[PDB]
Amino acid sequence: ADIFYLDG
Amino acid sequence: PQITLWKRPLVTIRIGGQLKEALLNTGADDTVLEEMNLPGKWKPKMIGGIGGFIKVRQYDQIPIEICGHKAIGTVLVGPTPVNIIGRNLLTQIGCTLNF
Amino acid sequence: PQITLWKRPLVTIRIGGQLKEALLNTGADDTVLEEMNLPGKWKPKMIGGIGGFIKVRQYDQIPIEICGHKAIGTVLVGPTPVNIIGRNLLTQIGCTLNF
């Protein structure tokens with residue numbers, strides 16, 4: 001259940 | 001295909017006859033789409049990411065075509081910043097990381 | 001290597017003799033590491049994920065060894081729940097998605 005999308 | 005990473009790995013997916021752009025995301029365990037209507041039952045669920053936890057709706061055994069490749073699995077719907085294809089479906093279409 | 005996606009694609013990274021484990025993350029624009037006081041000028045930045053934004057310190061031109069591959073580039077430091085290798089560095093080491 002872990003979603004590491006990152007918008008820099 | 002082979003997708004390089006100079007740009008975001010955004011691809012076209014087909015779900016419920018709808019076309020959408022989604023991000024191929026090796027950092028996501030699960031697949032999360034922006035708010036939409038999907039049929040069948042769903043189970044309320046909580047997930048987390050870099051800035052904490054969100055509420056989503058979990059749909060099971062949903063067919064999705066990703067760059068033409070067919071998958072059927074779990075799709076979460078809620079307030080994701082972008083449509084995200086996660087490892088649960090990446091594995092189904094045979095996607096790996098290579099260097 | 002070829003890394004499958006059945007499990008989280010975790011790899012060993014070295015930053016200045018501190019060696020940590022990081023997620024190879026095609027869904028991340030940037031590279032973000034937890035807890036470390038690395039050298040040089042840094043600029044505040046806000047980065048967004050599922051759940052919202054976190055404040056990080058941006059360090060430029062930082063060496064990082066990833067599975068024997070030499071990477072140098074921008075490294076963000078902040079309260080990320082997991083260490084993340086982003087597209088900025090995945091490109092440098094020749095990493096692609098393949099299916």
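Residues numbered from 1 in each chain as written, not as in the entry; some residues may be left out. Chains lettered and ligands numbered in written order. Heavy atoms only, no water. Residues with missing side-chain atoms left out of burial classes, pairs and counts.

Structure determination for this entry, per the PDB record, employed X-ray crystallography and reached 2.00 Å resolution.

Details of the interface of chain A and chain B
The parts lose accessible area when they come together, and the size of an interface is often stated as this lost area. Opposite the 7 residues of chain A that make contact, chain B presents 16 residues. Here the side of chain A that touches chain B is composed, by residue class, of 5 nonpolar, no polar and 2 charged. (Contact = heavy atoms within 4.5 Å. Nonpolar A, V, L, I, M, F, W, Y, C, P; charged D, E, K, R; others polar.)

Describing the packing of aromatic side chains
Evaluation of the coordinates by the stated rule reveals 0 aromatic pairs over all chains. Stacked on the ring of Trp-42 of chain B, the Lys or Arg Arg-57 of chain B has its end atom at 5.6 Å from the ring centre. (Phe/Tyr/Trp six-rings, centres within 6.5 Å; stacked < 30°, edge-to-face > 60°. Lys NZ or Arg CZ within 6 Å of the ring centre and 35° of its normal.)

As for the environment of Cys-67 of chain C
Within the fold, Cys-67 of chain C resides in the loop between β6 (52-66) and β7 (69-77). For the pair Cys-67 of chain C and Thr-4 of chain C, spaced 63 residues apart in the sequence, the C-alpha separation amounts to 15 Å. Apart from residues no more than four positions distant in its own chain, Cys-67 of chain C is found in contact with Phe-99 of chain B together with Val-11 and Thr-12 of chain C. (Helix = DSSP H or I, 4+ residues; strand = E, 2+ residues; numbered from the N terminus.)

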